[PDB]
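When we count neighbours, we look across all protein chains shown, and the Cβ atoms used for this are built from the backbone with ideal geometry, even at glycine. Laboratory data are not the source of any read-out in this text; all were calculated from the coordinates shown.
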Amino acid sequence: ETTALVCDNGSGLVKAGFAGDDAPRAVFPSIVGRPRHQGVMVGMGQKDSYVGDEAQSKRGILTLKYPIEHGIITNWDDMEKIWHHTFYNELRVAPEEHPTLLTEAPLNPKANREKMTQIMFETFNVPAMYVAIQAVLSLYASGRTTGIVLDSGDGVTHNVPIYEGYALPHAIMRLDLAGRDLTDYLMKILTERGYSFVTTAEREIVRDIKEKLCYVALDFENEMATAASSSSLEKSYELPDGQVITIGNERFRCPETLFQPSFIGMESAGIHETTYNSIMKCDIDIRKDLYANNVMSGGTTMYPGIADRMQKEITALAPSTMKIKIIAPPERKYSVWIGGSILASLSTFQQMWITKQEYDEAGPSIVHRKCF
Amino acid sequence: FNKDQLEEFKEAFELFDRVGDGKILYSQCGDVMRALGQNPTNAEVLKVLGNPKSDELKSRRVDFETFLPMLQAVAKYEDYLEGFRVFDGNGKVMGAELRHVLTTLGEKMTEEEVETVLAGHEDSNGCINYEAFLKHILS
Amino acid sequence: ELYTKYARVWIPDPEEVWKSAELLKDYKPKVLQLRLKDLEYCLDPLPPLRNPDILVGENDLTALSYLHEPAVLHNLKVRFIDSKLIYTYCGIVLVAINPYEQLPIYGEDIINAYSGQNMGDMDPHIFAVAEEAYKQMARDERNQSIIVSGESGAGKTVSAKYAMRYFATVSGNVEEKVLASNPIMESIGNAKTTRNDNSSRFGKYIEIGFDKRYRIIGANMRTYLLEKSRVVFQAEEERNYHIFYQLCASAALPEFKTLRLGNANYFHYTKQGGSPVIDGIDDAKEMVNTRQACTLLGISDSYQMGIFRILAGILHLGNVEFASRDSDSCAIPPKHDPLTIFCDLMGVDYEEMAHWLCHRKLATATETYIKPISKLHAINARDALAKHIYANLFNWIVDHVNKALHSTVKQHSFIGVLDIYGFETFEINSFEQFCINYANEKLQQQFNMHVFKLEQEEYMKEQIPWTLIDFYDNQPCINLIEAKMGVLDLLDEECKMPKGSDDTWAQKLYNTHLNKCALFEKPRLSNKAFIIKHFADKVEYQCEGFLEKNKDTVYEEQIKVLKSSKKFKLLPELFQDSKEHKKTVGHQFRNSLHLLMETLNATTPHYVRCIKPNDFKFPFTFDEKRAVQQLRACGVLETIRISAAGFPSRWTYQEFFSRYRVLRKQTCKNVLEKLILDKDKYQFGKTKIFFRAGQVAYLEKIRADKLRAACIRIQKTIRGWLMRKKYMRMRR
Amino acid sequence: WXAXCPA
Ligand SMILES: Nc1ncnc2c1ncn2[C@@H]1O[C@H](COP(=O)(O)OP(=O)(O)O)[C@@H](O)[C@H]1O
Ligand SMILES: Nc1ncnc2c1ncn2[C@@H]1O[C@H](COP(=O)(O)OP(=O)(O)O)[C@@H](O)[C@H]1O
Ligand SMILES: [Mg+2]
Ligand SMILES: [Mg+2]
């Protein structure tokens, strides 16, 4: 019949597909490329801009900007391209003809919501729209009604406690460490081994290193001394030209910054201590049900070792008699979109959508009243 | 009724006196009233008789003098024709149907009564000219 | 008002829904005086009124001058018990009651007598509807369908069997083949339930086709509304489908032994019912009938063993057990012997099944992922696979069977004959009954809209304004069950919702409907249960079963695994010809019912209703509480009530005038205007006079009063002259 | 953002 679109604007990926699907139909980096060089040939192709995997095809010739930084849309005319590319090229489907669901971080400036709504009706004339908190959808994907969601994406890390389907909006934590700023630290220490990675297209080369080779120390001083003691950790990577580069203690040292934001020069404590300090804000009766239901979410939690580090370190904060449990399906990178696909299909949800007529009557303020 | 009428009626009544006491039974009263030229319904006969019960109908006795007011009370063609025309429109009536209605509707008669009254009035089909039957039964 | 001394009325009895009374004294406007011996009886803040006996037992129950539930019960009681006339008419609907003894009635002489003759002209018998269908089909090309509905064991299958015998005798090898199909269909698709044994759980449709000259070409079979859910689940002292028991009791025969079966109480799909043996049916013998029917109907013996192999597969599947190894991760034990048997039988690798049963696969366009899943999801998936295999096997057997019935020459038109379970109540009610009573709602909707059309057309056959007619609209309850934010839709939603349970489902039901709809209600002594006001009756459904019955999802990996088998040709052949793998039982049932209704709505219906006169079986003898229940479930009683409003009487001017003249069109209307003061009580048609309920009885009253007055006048005249002749005899 | 951070 007619099936809602589900679209999730990360900082580092777009995931999109139809509701009811098992997995997203199109994924590509939320990146816009422009040429930065003199055109030599007439009869060369002309395009003003390359979006996503096109821009990743030709990155050597391009300047690459992300429109989203710390989950905030920083300029609109690029993002409106990324959505144009998504609906017309990737999904090959008219946005005029399907409900659409759009996915955002829990605290970011509320103009971001206003404009994100405004474009869907005013530019695309989508029939119906909603906006949903990522940490909620992580529970729908996990198949739970009660839990604390730890979420870390490309651009934002946040916690939300949810107990029996009630959120605790006083209890919510946000951190602006994320996979991007791990990558920016990874460049700066990679320099110490005498490899130098300067430019915007070259940063993605670093990002591939971070994805392939990093892992999280279980005991940081022992693994540091072990790497100092021997090559046994040391592992090496090819480069697109065929150079090989070889990396030692460093390959774990970046994931450690999520637990010690002192390295990057943040004030706030690691994701473990902020998770605990989120739990403390909940009523004591709740807390046993959160301590079991820790849910990992988002791609930055994909590193091997992070579940064991989380359990081992939050265990040392909690009262000993509790059980700590950590729930990390390998789906989890997808899970925010899977959850949104689950939500968008429910019949109860159909009774709430921002509808075109209601938007026209209310104006773009309507989101703040209706949506949350 | 005048003295002459009373004498003829009394003589007839005495012919109906089967006990010699100058009286008839209530159950004979209707027969005597009809025999004297009246055509009362059974209901009218019982009413002038006072709607008697079986016991007094069979054993209470009245002389001519007590019977007479009842006969008087009882005494006080086109309707007769329409009544017969109910069962007609060629002027005939089935013998089977007339027999059934006469023995099962109205003041139901016995099969022997119906055979007696119908004798000579039905044709070969078993149909009765009711205007002629009516004139006969009114004489 | 009319009442007199020796008028008669009906009053209720605790063991007979109505009993006779004579009215002993008659009243104007609070207590009635009745004789039965004798009782007084109250009026309350009027009784039924009863037909003059000449009318009673007339062949069409709307001939009656008073119409009501006592009269129609009485008429069916006398016609069945006294006269042995089972077939009876109300309106257009035939009503049939199993005589439970063989009869002469079906003989060829009667067939030949009915053929070519009109519906009023003959007394009712099914040939009278079948011949009407045939003659309507001739009168214009439009396809005719014939619909038989009734409770389990009431006689629907046999009624259709004779209805086909009619066409095979008149037009007409088709008959032998169709009658030989039944032991196959009853074996795969009939089941045993606490209300009775041998209950069909699916809706079965036979098309009979004809040439341009209405000689008979051949036959097609379809099926609808299969109860997939019975395969995995059984209520106390129900059974799964017959063929599973026939197989288990056959398990010792030298054919089957490779199937390695146990006794019938060993298999988890058989075991749950707690009722291995039906009284007096030796199913081990009974399948030999089905195998004869298969062989005669051209399923090759090479296929036949494949069928039993597959069903043994299903049973060996149900006995597979799951350990649980951490909170989120089921596992199959280090070796599990019945899974080994399942793999031997169907040839898929043990270890490939052990992996895919235990785990789920999730794959994007760019990567593939494999998940563990809980023992609950393992069980839900196993059962959904068992249901999917069964439903495909069934639909393949049906696809073979209709091969033999088809003919190569194309039919000009067809008569479609349908056997389907009627509206139903059980002393616990469950998702199965909720489906069955939904389908019965859809059917009776069509039935009403057709009867309404028929009477609309019959009115404007003559000058009378249509506006007087009205009909029962049941559409709000269909919208309740079917439409979005309805009982089925919230059940399929809670299947998705990440923790779902009959408590939380009930709470959704209440929050959505509890005082938003007049037709949905809660029983005040339980949260678990909800009431729906169906057209007949209010029934209480327990949520306790629903979700586990509601849920299908087949993991594609296990289908692929079965599809890969080379061990025998049937198993891949079943799967040939996704989104359907997601669809729940409730959605598959809705879609199937839509296909059925689009099949029926194309055609002009005719109707039979078949009602079971006693709960426990005695030849030719009749209960009355059950018969009233059945006639309510058929909706006949509502049709009677709504016919009792309006103009349930017709008479021709010709039959009326001759008798009423005892007291040309205007002369007869002058007679009526004399006899009845009020025009509203009657209406004039071109050919017929219409009257409201029992006004013809009042006309009989005034006629009989005339006839007594006239006969009394005649009898008085006769007595008068005859007694004069008695006195002349007394003189003589 | 608009203050405490670059976005
Ligand atoms: N296998 C992996 N291991 C570690 N990090 C990864 C892996 N795959 C992707 N990432 C990083 O995770 C981030 C993307 O996380 P994601 O939740 O998709 O962000 P968003 O959803 O906000 O776009 C990027 O920095 C990406 O480089
Ligand atoms: N019209 C009939 N005449 C004689 N016997 C009948 C008739 N209808 C049913 N029966 C008997 O009652 C049984 C039950 O009815 P049947 O039609 O077989 O079940 P169902 O009503 O479920 O189709 C029949 O097998 C037959 O023995
Ligand atoms: Mg994310
Ligand atoms: Mg049957």
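Overview of values
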read-out	value
Long-range tail of P(r) for chain A (Cα pairs > 30 Å, %)	43 percent
Stokes-Einstein translational diffusion, chain B - Kirkwood Rh over all Cα pairs, 0.692 mPa s, 37 °C, in µm²/s	193 µm²/s
Order of A:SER142, A:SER320 under a 10 Å beta carbon neighbour criterion, fewest first	A:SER320, A:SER142
Projected label distance in nm at C:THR366 and C:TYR510, using a 7 Å step from Cα toward the beta-carbon	4.8 nm
Segment B:87-132 versus segment C:1-59: alpha-carbon centroid distance in Å	37 Å
Restricting segment A:261-323 to trypsin sites (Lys or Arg not before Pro) in coil, as DSSP defines it, with at most 11 other Cβ within 10 Å	A:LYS323
C:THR340, A:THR199 arranged by Cβ crowding within 10 Å, fewest neighbours leading	A:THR199, C:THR340
10 Å Cβ shell holding at most 11 others, DSSP loop, GluC sites (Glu not before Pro): longest site-free stretch of chain A	A:2-163
Table column - 3J(HN,Hα) (Hz), segment C:163-169, Karplus curve with 6.51, -1.76, 1.60, x for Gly and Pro	5, 6, 3, 4, 5, 4, 6
Label-point separation, C:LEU525 to C:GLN456 (7 Å along Cα→Cβ), nm	4.6 nm
Simple label model, 7 Å out from Cα along Cβ direction - C:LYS410 to A:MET302, nm	5.8 nm
Per-residue [θ]222 nm for chain B (sum of -39500 (n - 2.57) over DSSP H runs n ≥ 4, rounded to 500)	-17500 deg cm²/dmol
Alpha carbon convex hull of segment C:38-167, projected area averaged over orientations, nm²	11.7 nm²
Loop-located GluC sites (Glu not before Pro) in segment C:112-151, at most 13 other Cβ atoms within 10 Å (DSSP)	C:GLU141
Förster radius 35 Å - calculated FRET efficiency between C:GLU101 and C:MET485 (Cβ-Cβ, nearest 0.05)	0.10
Ascending count of other beta-carbon atoms within 10 Å, so fewest first, for B:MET33, A:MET310, C:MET137	C:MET137, A:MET310, B:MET33
Cleavage-rule hits, trypsin sites (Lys or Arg not before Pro), segment A:47-96, DSSP coil, Cβ neighbours within 10 Å at most 15	A:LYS47, A:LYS58, A:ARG92
Translational diffusion of the protein assembly as shown, µm² s⁻¹ [Kirkwood Rh, Cα pairs; Stokes-Einstein; 20 °C; 1.002 mPa s]	55 µm²/s
50 Å tail of the calculated P(r), chain C, as % of Cα pairs	26 percent
Candidate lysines - alpha carbon under 22 Å from C:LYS257, same-chain residues fewer than 8 apart omitted	C:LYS271, C:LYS285, C:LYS566, C:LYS567, C:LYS569
Cβ-Cβ FRET estimate between C:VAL31 and C:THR621, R0 fixed at 51 Å, reported to 0.05	0.90
Bridge type composition, segment A:81-240 - antiparallel percent by DSSP, nearest 5	70 percent
Near-label residues of segment C:271-293 by backbone N, under 16 Å of a point 7 Å along Cα→Cβ of C:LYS403	C:293
Rounded FRET efficiency, nearest 0.05, which uses the C-beta distance separating C:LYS77 from C:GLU673 and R0 of 45 Å	0.70
Area projected by the alpha carbon convex hull of segment C:102-189, averaged over all directions, nm²	7.1 nm²
